[PDB]
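As structure tokens, one chain now follows by itself in the form deposited in one PDB entry.
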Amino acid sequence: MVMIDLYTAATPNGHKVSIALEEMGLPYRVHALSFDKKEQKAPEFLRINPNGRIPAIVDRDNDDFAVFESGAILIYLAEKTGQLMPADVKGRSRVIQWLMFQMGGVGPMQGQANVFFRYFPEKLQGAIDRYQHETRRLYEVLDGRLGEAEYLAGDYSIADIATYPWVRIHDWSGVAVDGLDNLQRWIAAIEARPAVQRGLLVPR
């Protein structure tokens, strides 16, 4: 009956969703998509995510309803389970605000830092500096907020789940967290959670 099909890969955006699924205890199975073999481009997967990127899910119990965009998936699952996002207007919106900050800010900016710092054919220091500097500024925003509240929206939520897989890999991105004591507390808190440990292993 209840079954989420998860199409994913070992990346921060993929880990957002596997962590959420493990936190919520929903049954799911993995299709690990191989970049090398063009799998994310096949018409069969594009029928699920026309953007041809992971993660995406198909909710088998909802007439095989497809959801793409990690942030939209986190919302869909939170609403499905009633977990990790409060039901009240203000509580709901705090979560969505910080989820959007991750979706429009942290992910894209840290993603571009990775691109130029690690992947781009040519070393473009100005582009590297732009994105590491911007990523750091965003980390300082998070750090400030985490001085006011234990987790981004108050209690641990999909907002933290969206953001943590990115912060986790800051060194790879070439961005430091030193001096950000609230962010560090939060990093240590979330990395300790058994569901986070489990989700980080998916796909194997």
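All residue numbers are counted from 1 along the displayed sequence.
**OP:** Higher average CA B factor in the deposited record is what I'm after, so tell me if that's 156-164 or 39-47.
**Re:** Of 39-47 and 156-164, the stretch with the higher C-alpha B-factor average is 39-47.
State which stretch shows the higher mean Cα B factor in the entry: 120-128 or 103-111.
-> So the stretch with the higher mean C-alpha B-factor is 120-128.
Chain thirds of CA B-factor: placement of residue 6: Ranked within chain, residue 6 CA B lands in the lowest tercile.
* Asked: Once the chain's modelled residues are ordered by C-alpha B factor and cut into thirds, is residue 18 in the lowest, middle or highest one?
  -> Lowest third - that is where residue 18 ends up once the chain's C-alpha B-factors are sorted.
- Task: Check where residue 87 lands among this chain's C-alpha B-factors and tell me if it's the lowest, middle or highest third.
- Result: Highest third.
Item to check | Modelled-residue ranking by C-alpha temperature factor, third containing residue 179 | outcome: As the PDB entry reports it, the C-alpha B-factor of residue 179 lands in the highest third of its chain.
Practice problem: Would you mind checking where the Cα B-factor of residue 146 ranks among the modelled residues of its chain, as the lowest, middle or highest third? | Solution: Its C-alpha B-factor belongs to the lowest third of this chain's values.
What comes next is about the form deposited with a small molecule bound, which does not appear here.
Open item on the list: Between 53, 31, 60, 145, only one gets a heavy atom within 4.5 angstroms of the small molecule in the bound PDB entry; which residue is that?
Closed with: Of the listed residues, the single hit is 53.
Query - is_contact(residue 70, the small molecule) in the bound PDB entry, heavy atom dist at most 4.5 Å - result: Yes - in the bound PDB entry, heavy atoms of residue 70 and the small molecule come within 4.5 Å of each other.
Hey, in the bound PDB entry, is residue 182 touching the small molecule, heavy atoms inside 4.5 Å? No.
In the bound PDB entry, does residue 96 come within 4.5 Å of the small molecule, counting heavy atoms only? Residue 96 lies outside the contact set for the small molecule.
- Message: Quick check on residue 172: any heavy atom within 4.5 Å of the small molecule in the bound PDB entry?
- Response: Result no; residue 172 lies far from the small molecule in the bound PDB entry.
| query | If we take heavy atoms and a 4.5 Å cut-off, which stretch out of 173-181, 40-48, 146-154, 23-31 is in contact with the small molecule in the bound PDB entry? | reply | Among the listed stretches, the partner-contacting one is 40-48.
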